[PDB]
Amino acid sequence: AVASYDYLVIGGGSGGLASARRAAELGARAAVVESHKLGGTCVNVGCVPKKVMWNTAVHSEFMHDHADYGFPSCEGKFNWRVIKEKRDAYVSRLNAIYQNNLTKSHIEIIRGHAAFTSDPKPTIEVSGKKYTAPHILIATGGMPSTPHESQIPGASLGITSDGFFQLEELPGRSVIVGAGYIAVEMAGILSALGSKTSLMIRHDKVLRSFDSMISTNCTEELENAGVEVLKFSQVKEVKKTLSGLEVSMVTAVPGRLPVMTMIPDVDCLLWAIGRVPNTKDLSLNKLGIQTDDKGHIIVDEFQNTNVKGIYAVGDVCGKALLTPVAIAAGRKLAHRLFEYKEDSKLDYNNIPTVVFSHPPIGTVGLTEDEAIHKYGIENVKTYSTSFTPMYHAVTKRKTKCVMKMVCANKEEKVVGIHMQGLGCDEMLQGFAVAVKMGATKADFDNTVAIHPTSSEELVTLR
């Protein structure tokens, strides 16, 4: 037998939950399939527990300042287990909330692993039972990438961000491999909490896809905080030693000769080199659903797959791997399908990003280089500043704030904002609304400053 629904959602993570909830508001008869824990990567091994750990790291960094601010010196060893237990409890509270959200919406929860069948009419099977709908959303997310043994023997001795959230103790010595935001965030947390930490990157700077100013500044701030940034460096092999691991590294700096270095006594080797979509076991071939060579589901601007009645959103499609993106694309899809809003879709331009470095980074819109390519060098003007936030007026430890505004054409439309500094995590959202509305430099000029803040600097550039 086959049970029929209006909407079947494969994956109860960010995008799948949001899409199902909105569809149900519109009257859809919906079900969500989930093999593991509701909330997906973000709630269980992603955004949420990362932010708890970031808050813990931030707290610790600020307490280096406690004597400078007039208090007796707060000399203590962090106890990883204290926070791990509390973090885990918060994730459990959230799992229970998301289950209840589906129940309140009368969305059926199908527990298990879905795969498509060969029925010409798109149908899935879960635990030997079949389900069909005229609309099936694939929202299965991804997973961390790990090197192949054939390429890096011993790579399996490292962990990923998934394993980071299983750690029960602070590693004494950590080596994080990668240069993107996950690598940066993990390295910064581990180092702030007291691990002797290295960050191994293929080139000279982290975050090379971000604006050059952010890439530069973030690299400098990492080093100033005590993270050893191992530049032009790659892992060749990993071996188990009596103490932890030995990492064999090759370093090849331009203008120098290549050199092999052993890194001994590593407790935590964390691969943060990419994400792979969760599609291998879906039986996509049974319906001819199109993927790229990496396994991402191919979609159009409306989240359609190449197969009528089948859609995909979120990390499984490989574009803008963020929770709010999955959510927004999933909601827009629900209005298209169940409110018949044929133009309902997510605009993937001007999505804002925060990176929870120390201090945090915020960005929205085009890098200076992207703007130059799009508009022409003669038609781009940038404004920027660098300062030490007044928080540090009384401290011996310092962090900087850098800000860049990228403007296009005669009217100086603000096409990008890029910053790193205290408060930038909470500062960005409102500026992203302005950018999405097409604000010009004059619109920023026209807004009275709030003093004393860091944020006022973005409305007083000249």
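Take the two forms, find the largest set of C-alpha atoms that superpose within 1.5 Å, and that set is the rigid core. Start at 1 with the first residue shown and count on from there.
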item	value
Stretch departing more from the displayed form, 302-310 or 70-78, Cα RMS in 9 other deposited structures of this protein (core fit)	70-78
Between the two ranges 66-74 and 396-404, the one averaging a larger CA B factor in the entry	66-74
Higher-B stretch (mean Cα B-factor, as the entry records it), 105-113 or 328-336	105-113
187, 297, 200, 157, ranked by C-alpha B-factor: the highest one	157
Of the residues 413, 50, 59, 29, the one carrying the largest Cα B-factor as recorded	413
Ranked against its chain, the third holding the CA B-factor of residue 88	lowest
Third of the chain's Cα B-factor distribution that residue 446 belongs to, per the entry	highest
Position of residue 311 among the chain's modelled residues by C-alpha B-factor, lowest, middle or highest third	lowest
Within-chain third of residue 435 by Cα B-factor, per the entry	middle
Residue 358 - which third its CA temperature factor falls in, relative to the rest of the chain	lowest
